[PDB]
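Working through the structure, step by step
Listed below are the residues making up each chain.
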Amino acid sequence: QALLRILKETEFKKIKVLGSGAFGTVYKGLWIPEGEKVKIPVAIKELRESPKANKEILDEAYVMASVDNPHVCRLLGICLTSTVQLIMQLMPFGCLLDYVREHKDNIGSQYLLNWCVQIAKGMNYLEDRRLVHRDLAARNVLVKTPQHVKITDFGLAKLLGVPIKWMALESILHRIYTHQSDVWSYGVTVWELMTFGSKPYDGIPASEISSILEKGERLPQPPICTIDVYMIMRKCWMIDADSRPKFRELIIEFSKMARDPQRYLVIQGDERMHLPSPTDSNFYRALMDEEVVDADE
Amino acid sequence: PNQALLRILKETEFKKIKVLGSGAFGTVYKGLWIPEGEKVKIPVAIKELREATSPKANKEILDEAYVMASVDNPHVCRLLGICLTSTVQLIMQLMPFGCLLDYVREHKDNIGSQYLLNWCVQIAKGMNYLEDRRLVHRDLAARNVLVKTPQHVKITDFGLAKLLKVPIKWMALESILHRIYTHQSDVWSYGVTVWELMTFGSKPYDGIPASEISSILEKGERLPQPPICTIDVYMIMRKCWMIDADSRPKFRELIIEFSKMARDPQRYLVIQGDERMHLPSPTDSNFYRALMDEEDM
Ligand SMILES: Nc1ncnc2c1ncn2[C@@H]1O[C@H](COP(=O)(O)OP(=O)(O)NP(=O)(O)O)[C@@H](O)[C@H]1O
Ligand SMILES: Nc1ncnc2c1ncn2[C@@H]1O[C@H](COP(=O)(O)OP(=O)(O)NP(=O)(O)O)[C@@H](O)[C@H]1O
Ligand SMILES: [Mg+2]
Ligand SMILES: [Mg+2]
């Protein structure tokens with residue numbers, strides 16, 4: 001358990017709020033290693049408040065610390081003295097939802113498909129680990145670089161004790177969460193990416209959602225999407241959980257699509273939106289990502 | 001040499017935000033890189049050469065920059081980018097910890113034997129790589145080893161001397177006399193660098209004018225045995241300073257001897273409180289790597 005660093009309060013300082021969610025508040029922070037003059041940027045999430053002892057929180061944290069996948073953010077450190085404060089790598093680019101909105105209509109097919117693949121890969125790994133996210137959404141995918149994204153905030157929901165618009169029918173009705181429910185959330189997440197960050201079911205009250213789903217109503221096909229892409233989303237949204245795609249199936253399908261991106265997504269000016277040149281990619285990795293499917297030309 | 005390795009930056013791409021220091025070749029700044037079209041500001045190190053350059057002169061500078069950009073080793077810093085402004089600027093990775101010489105001075109009686117020997121091994125590994133590549137540093141010194149993390153150091157400023165007062169006190173006698181530079185002369189410099197670390201940052205030949213160094217060297221005078229250094233350690237250093245270049249140790253040999261010593265560090269360096277001193281720990285190392293050092297090492 002060298003995986004999880006236990007931090008003293010003196011060791012770090014919250015500098016500014018980056019945002020807040022159902023489970024807590026996230027701050028840009030600095031870590032000051034004892035006996036050193038350096039200040040290292042970090043992200044701190046101070047959890048919203050009942051049930052659990054410090055030992056139990058620690059046990060859960062160890063699990064969070066133990067994940068090892070390029071597309072999943074690993075918990076790095078924890079401070080338990082007052083609030084539970086979780087320390088993680090700070091992502092300057094922020095979350096994927098913010099990124100897509102910011103770059104609306106100016107993101108390539110190659111990027112969109114590759115992100116779908118990456119999100120699937122991280123989710124599949126979580127499935128391998130018998131970890132259910134319970135809160136997947138675009139806001140919960142973090143942009144390490146525009147070419148590399150990572151799932152975040154998994155299992156917070158379990159530790160602390162509501163995203164209805166992202167929830168699977170069964171989750172809403174019976175509060176049951178499973179890998180297959182995560183698949184429903186993935187479908188919504190994909191919809192967000194494809195629409196450049198639109199709010200799902202905008203103007204529809206949370207209470208209505210179950211009733212509309214039961215009627216067989218689903219989120220609309222995004223204009224950029226070919227039917228094949230939309231079909232994948234609809235499948236994630238089937239009422240019977242078992243019928244939905246597996247994350248491993250999803251990795252395969254998106255990857256295939258990624259090979260001929262222009263065929264599956266229709267974007268004006270797509271030809272000009274290709275993935276970074278090797279020179280640019282090498283540079284990004286060196287500065288930000290020391291730790292991708294491509295068109296078959 | 002792979003051109004994709006060196007990125008050419010527009011002046012508008014980056015900004016200088018602080019002066020880190022100055023050397024014979026140039027001035028080094030902390031900088032921010034703003035990727036075109038993005039919000040983010042990414043910390044970088046910029047070195048701006050002292051002289052203004054002709055466009056003709058720069059082409060030589062560029063060919064050298066490509067080589068500098070080609071170095072691929074965990075113990076050598078790789079040139080990341082260049083801007084051929086009126087005055088040429090090199091962009092590399094920022095190291096918040098700074099140079100090793102400053103670090104040893106700052107932690108002067110508080111550094112353990114395990115760290116010192118490990119640094120020696122690491123510097124040797126980086127130099128061996130350069131030697132393999134038929135590259136001669138010409139300006140090796142403790143000032144020119146950067147601390148990525150306390151557990152990880154990298155050689156820097158490779159190739160600058162070639163593009164460009166000389167650093168007399170780190171120079172082998174043949175280099176002072178005839179301006180002959182070789183891997184074996186690099187070995188001499190390595191010995192001085194080891195001496196700097198072992199003395200926790202002492203100035204070599206302090207109180208002796210640089211103009212008279214060759215004269216003492218011909219007389220057989222050498223840097224004194226450091227208080228913490230055992231005879232076996234001092235002998236390696238002395239060996240680096242033989243008049244006959246071919247008498248000097250090979251970098252490959254140095255890695256082995258230092259590695260062996262590192263295995264039983266308290267045998268080879270005798271330090272007051274060495275029993276007390278922090279020794280790098282897996283929990284600490286993981287945390288540092290996740291925050292600052294994701295490179296294969
Ligand atoms: N590691 C990080 N680096 C940079 N920004 C982060 C990081 N983690 C989270 N954020 C941002 O912090 C803000 C708050 O995140 P969070 O508190 O998790 O709420 P949320 O995920 O948006 N909603 P929720 O589903 O309720 O958790 C969001 O803008 C995130 O994008
Ligand atoms: N990549 C870096 N990150 C942080 N500091 C750096 C970096 N590179 C250089 N520095 C610091 O910048 C300052 C200037 O270094 P430099 O200009 O190379 O002179 P020098 O190394 O002291 N002497 P010399 O290199 O022989 O001319 C030194 O304090 C270095 O430690
Ligand atoms: Mg979140
Ligand atoms: Mg230097």
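Quick word on the overall build of chain A
Each helix and strand counted, chain A has eleven helices and eight strands in total. At 20 Å, chain A has a C-alpha radius of gyration in line with the 19 Å of a compact globule built from 297 residues. With respect to the principal axes defined by its C-alpha atoms, chain A has extents near 55 × 50 × 35 Å.

Quick look at the overall build of chain B
Within chain B one finds eleven helices and eight strands. For 297 residues, the compact-globule estimate of 2.2 N^0.38 gives 19 Å, and the C-alpha radius of gyration of chain B, at 19 Å, lies within 12% of that figure. On the principal axes, the C-alpha backbone points of chain B span a range of 60 × 50 × 35 Å.

Remarks on the pattern of salt bridges
Residues and elements named next belong to chain A. Scanning the model with the defined rule gives 29 salt bridges over all chains in all. Between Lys55 and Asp59 there is a salt bridge whose closest N-O contact spans 3.0 Å. You can see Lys55 and its partner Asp59 sitting in helix α1 (residues 54-65), four residues apart, about one turn around the helix. The exposed category is assigned to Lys55, whose relative accessible area is 56%.

Thoughts on the side chain of A:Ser255
Residue and element names in this part refer to chain A. Mapped onto the fold, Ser255 is located in helix α9 (residues 247-259). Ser255 gets classed as buried once you look at its relative accessible area, which sits at 8%. In this view, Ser255 contacts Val117 and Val293; residues no more than four positions away in its chain are not counted.

Section: the sheet that holds strand β1 (residues 7-8) of chain B
Strand pairing in a sheet is mediated by backbone hydrogen bonds. Such pairs are either parallel or antiparallel. Residues and elements named next belong to chain B. The sheet built from six strands is open, its strands ordered β1-β5-β6-β4-β3-β2 with mixed pairing. Looking at strand neighbours, the two that pair on one side only are β1 and β2 (14-22), the edges of this open sheet. In this sheet, strand β4 (residues 42-49) lies alongside strand β3 (residues 26-33) in antiparallel orientation, the contact comprising eight bridges. Considered in β4, the bridge of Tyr29 is made with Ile46.

Some thoughts on the site of ligand 1
Residue and element names in this part refer to chain A. If you check the shell around ligand 1, you find 19 residues, and the closest are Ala22, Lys45, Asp135, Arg139 and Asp153. The backbone of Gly21 places a nitrogen or oxygen atom 3.2 Å from an oxygen atom of ligand 1. Within the backbone of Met91, a nitrogen or oxygen atom sits 2.9 Å from a nitrogen atom of ligand 1. In the complex, the protein chains occlude 89% of the 600 Å² of accessible area that ligand 1 would expose alone. Secondary-structure elements contributing two or more residues to the shell around ligand 1 are β2 (12-20), β3 (24-31) and β4 (40-47). When residues of the shell around ligand 1 are assigned to their parent elements, the largest contribution, three residues, is made by β2. Taken together, the residues of the shell around ligand 1 sort by class into nine nonpolar, six polar and four charged. Counting residues domain by domain, the shell around ligand 1 receives three or more from each of domain 1 (1-90) and domain 2 (91-284).

Structural notes on the interface of chain B and chain A
Contacts between the two partners involve 38 residues from chain B, matched on the other side by 37 residues from chain A. Looking at the side of chain B that touches chain A, the elements with two or more residues in it are β4, α2 (100-106) and α11 (282-292) of chain B. Looking at the side of chain B that touches chain A, the element that brings in the most residues is α11(B), giving nine residues. Among the residues making up the side of chain B that touches chain A, the classes are represented as 22 nonpolar, seven polar and nine charged.

A word on the sheet that holds strand β1 (residues 5-6) of chain A
Residues and elements named next belong to chain A. Read across the open sheet, the six strands follow the order β1-β5-β6-β4-β3-β2; overall the sheet is mixed. Single-partner strands in this sheet number two, and they are β1 and β2. Strand direction decides the pairing type here: β3 and β4, joined by eight bridges, are antiparallel. Across the sheet, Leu30 pairs through a bridge with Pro41, a residue of β4.

Description of the coordination of the magnesium ion (ligand 4)
The coordination sphere of the magnesium ion (ligand 4) contains the protein donors B:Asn144 (OD1) and B:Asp157 (OD), at a distance range of 2.0 to 2.1 Å. With B:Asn144 in the loop between α3 (113-132) and β7 (145-149) and B:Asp157 in the loop between β8 (152-155) and α4 (160-163), this pair connects stretches of sequence that are 13 residues apart.

Focus on the coordination of the magnesium ion (ligand 3)
Residue and element names in this part refer to chain A. Donor atoms from the polypeptide that bind the magnesium ion (ligand 3) are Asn140 (OD1) and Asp153 (OD), placed at 1.9 to 2.3 Å. Here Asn140 is found in the loop between α3 (109-128) and β7 (141-145), whereas its partner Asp153 is found in the loop between β8 (148-151) and α4 (156-160), with 13 residues between them in sequence. Its relative accessible area of 5% is what places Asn140 among the buried residues.

Here we look at helix α6 (residues 179-194) of chain A
Residues and elements named next belong to chain A. Taking 1.5 Å of rise per residue, 16 residues should cover 22 Å, and α6 covers 22 Å from first to last C-alpha, within 8% of that figure. Among the 16 residues of α6, 16 are classified as buried, and the element is accordingly described as predominantly covered. The opening residue of α6, the one whose side-chain oxygen lies 3.1 Å from the backbone nitrogen of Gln180, is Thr178. Of the residues trailing α6, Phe196 is marked for its positive phi of about 60 degrees.

Points about the domain arrangement of chain B
All names here are of chain B. If you check the domain split of chain B, you get domain 1 (1-94) and domain 2 (95-288). With centres defined by C-alpha atoms, the gap from domain 1 to domain 2 works out at 26 Å. With 17 residues of domain 1 at the interface, the matching set in domain 2 holds 24 residues. No other element matches the four residues that helix α1 (residues 55-70) contributes to the side of domain 1 that touches domain 2. Considered class by class, the residues forming the side of domain 1 that touches domain 2 number ten nonpolar, four polar and three charged.

Calculation rules
Residues numbered from 1 in each chain as written, not as in the entry; some residues may be left out. Chains lettered and ligands numbered in written order. Heavy atoms only, no water. Residues with missing side-chain atoms left out of burial classes, pairs and counts. Helix = DSSP H or I, 4+ residues; strand = E, 2+ residues; numbered from the N terminus. Rg over C-alpha atoms; globule rule 2.2 N^0.38 Å. Salt bridge = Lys/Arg side-chain N within 4 Å of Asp/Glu carboxyl O. Buried < 20%, exposed > 50% of the residue type's maximum accessible area, 1.4 Å probe, protein only. Contact = heavy atoms within 4.5 Å. Pairing = 2+ DSSP bridges. Near = heavy atom within 4 Å. Polar contact = N/O pair within 3.5 Å; in protein donor to acceptor, adjacent residues only side chain to side chain. Areas by Shrake-Rupley, 256 points an atom, 1.4 Å probe, with all protein chains shown as cover. Nonpolar A, V, L, I, M, F, W, Y, C, P; charged D, E, K, R; others polar. Domains from an automatic or database assignment. Donors = N, O, S within 2.8 Å, 3.2 Å for Na, K, Ca; no water. Expected span 1.5 Å × (residues − 1).

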